[PDB]
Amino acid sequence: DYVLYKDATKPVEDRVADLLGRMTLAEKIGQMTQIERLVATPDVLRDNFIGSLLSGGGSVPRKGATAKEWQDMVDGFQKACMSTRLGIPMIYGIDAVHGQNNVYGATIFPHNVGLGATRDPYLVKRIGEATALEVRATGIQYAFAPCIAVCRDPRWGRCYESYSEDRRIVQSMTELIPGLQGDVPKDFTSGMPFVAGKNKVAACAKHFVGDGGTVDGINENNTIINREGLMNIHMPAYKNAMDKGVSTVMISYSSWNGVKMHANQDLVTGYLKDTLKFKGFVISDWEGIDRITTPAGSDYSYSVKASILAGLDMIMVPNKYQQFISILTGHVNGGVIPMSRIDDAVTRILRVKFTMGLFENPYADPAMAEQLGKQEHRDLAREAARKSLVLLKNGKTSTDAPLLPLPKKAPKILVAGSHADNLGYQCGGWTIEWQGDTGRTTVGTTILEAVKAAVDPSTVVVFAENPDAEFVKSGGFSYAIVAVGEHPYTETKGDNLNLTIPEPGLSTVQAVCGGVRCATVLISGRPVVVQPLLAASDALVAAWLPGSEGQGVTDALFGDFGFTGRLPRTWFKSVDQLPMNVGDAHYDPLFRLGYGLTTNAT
């Protein structure tokens, strides 16, 4: 007879109830299971009824894979899932957090701390739109973004995934979500999941909650703050996410006052689901339930009980699915987890799959392949990079001639420093590899290439990565651009207690700037100890991690556009002040939240 869940004209809630009432226990637990593509096979997916797959950082079908290799990979997994008895399509997730950043040739946008400096929610909406197209070009339907952490200490290794220490800036940057997912209807109820169709992706607000609040910015550690602090600093951007229809929420590894978020029923069920009325699904982080215990994974059976009873809907296992499925079936068969907690989880996963069009369009669209790296996207990324630059200094004294903007026509100019010609340093973490990498890892324009592309044909451009002082003073340069800063890092590898840049950084600047007037371009994921760089430089520009389109840097240096960017964070004087945030008692910054100098276009 007639199968209502297969009928595309029926309300979402009727299709969900009709399918759910057919599923066995194996089929329901399979929907809650997300696994990494490395352990997936057609039989695994079909015999375990798997609901979701992901790529972790750097988990790609081949190095250099075109958009169509990605599509064929995702479709081949999808053909296995559509061949199960109920034919429930999988959803494939990926970290597309500054563009579709795992994929060769994708447009790489500025990381989020630089987007905070723009103060333009409309630009960030546009980046979400272009991001969704490049994720759908590879066949993927779900992005793990945005991170709406409110980083409160720049020593954290994920502070550059945070838009700001100020939760008001983070709130206004939740406009990424309707870029990624599409604008919600006039009809719309806060906390419903929404995706507009096959040119959009499901999004993910992460990581709930207080991930940027941890002690000493230690990654994954303990956020010590009282309920009012939680609610007035770390929480509010979640409620803006509910109003824009964010489809999924990801739970943090971090604790709140000693309680693991992955075992917190009060916050996850009591607040997120029952007070904000979130109706999408809640997904764990990568081996988040394992880390509930110390050592991690020492009582997996407890990890499964505590996290499913806290309210988590989908578990990113993501390798050992056999142990997860066995233990979870055991607890349900023993009465330890009731059936109604399972049916709630599966209801939520199915709600998002039906709402986004997945049952009607389970397969990739080959015509979307040419969205990847599209030029109009690279122009948008160029505009973002340019608006994220903060001019901190433009002249060594208040009576000096302003160095920027620089003339395009000069007899001879020097480009120096370890970041002047290194695409991987300019993009930072979460770019091609999980940790990012060095060198020419993808398509884009370095600073040196941007300089060659901008100057008059008669200007001679010399490059030296680390020139000595005598080379600079005898070379006859009119000016130098020197680019230095942090190396790429992600997560705990970026936790950093000293906040000073690797050498050579300071000594290249000192050599270059001692011989010729210099503009210093600092690439970093956060504020770093800056005083010595400031003292040597005529001009100093915080460029953050501007991504693949380095002509956004030279657009402002050479005066096609003015500088407009403003600090999205406090710049400290020393690491012994930290944490120090707008509002604190000991507030004594080198540069306040909100500072930046401007220029006008020539």
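Numbers for residues come from their place in the sequence shown, where the first is 1.
Of the two stretches examined, 272 to 280 and 83 to 91, the record assigns the greater average C-alpha temperature factor to 272 to 280.
Of the two segments, 393 to 401 and 477 to 485, the one listed with the higher mean B-factor is 393 to 401 (C-alpha atoms only).
By the numbers in the PDB entry, the CA B factor is greatest at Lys198 among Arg386, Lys198, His207, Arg126. Annotation for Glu433, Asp72, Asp313, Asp166: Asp166 ranks highest, by Cα B-factor.
In the PDB entry, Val553 places in the lowest third of its chain by CA B-factor. Among all modelled residues in this chain, the alpha-carbon of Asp43 has a temperature factor (C-alpha) in the highest third.
When the modelled residues of the chain are ordered by C-alpha B-factor, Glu161 sits in the lowest third.
In this PDB entry, the Cα temperature factor of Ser574 sits in the top third of its chain's modelled residues, the highest group. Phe109 sits in the lowest third of its chain by CA B factor, as recorded in the PDB entry.
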